[PDB]
């Protein structure tokens, strides 16, 4: 059941890692939790942060410096892992861009990935209800953000679940996975070769039909020196689709910033404030 395997006091709250037996994944999963000092006095809003390729549930906790801002605003931070671990699927670790550390936040339909690679259901349902049942977190004040594969994850999960996520932001998301190699490989393997099945997991397609209730729209930060800007991320495709659909998007482009956590750390404080304007309302 629910096991506390790591805990460190941090900005007058606690940075924890839990392990639990996931019924949706069918395997043990680890996730990180930051509780701010305010959680001692009642339930608090929470943000789910989704990490990118090769990352773990601890990458964000170590590298983003988000806990100070979570403590300042009274928001908990939940960090899922990026894939199932130790599923024993043949060659699930043969590449870093697919399989282990590379679940792409989809529910796989193709064998042999469909048995365990159910990260969409895991993050939006089982992990959420576990957090709500066992931690002092408000069910009605949840937001989501993430980086790259995780920024793809944050946009997709928010646009598909308006009943759950009240705010959404992203750092350097894979904005149009149907049209870059990382996404086309992931979708081909997990979902099959029928591109129509991929649209339900593509932020740029979802925004064309989404009905949203975001007070301050969708926040995206993108570094202009990002090595993946033209080869994988394609923010302009999402920006154009959201404009045609009338969806408010604040896409901020920053000259000279790269893809990684020196970039993410610079803007994560503004992201936590952005979410707090909705979640702490």
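Numbering follows the first chain given and starts at 1.
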Mean C-alpha temperature factor, higher of 44-52 and 209-217
209-217
As the entry reports it, the stretch among 145-153 and 89-97 with higher mean C-alpha B factor is 89-97
Comparing recorded Cα B-factors across 171, 113, 165, 105, which one is largest?
113
Can you tell me which of 62, 66, 249, 35 has the highest Cα temperature factor in the record?
249
Relative to the other modelled residues in the chain, which third contains the C-alpha temperature factor of residue 255: lowest, middle or highest?
highest
With respect to C-alpha B-factor, does residue 236 fall in the lowest, middle or highest third of the chain as deposited?
highest
Is residue 20 in the lowest, middle or highest third of its chain when residues are ranked by C-alpha B-factor?
highest
Based on the deposited C-alpha B factors for this chain, I'd like to know if residue 10 is in the lowest, middle or highest third.
middle
When the deposited Cα B-factors of this chain's modelled residues are ordered and cut into thirds, is residue 129 in the lowest, the middle or the highest one?
lowest
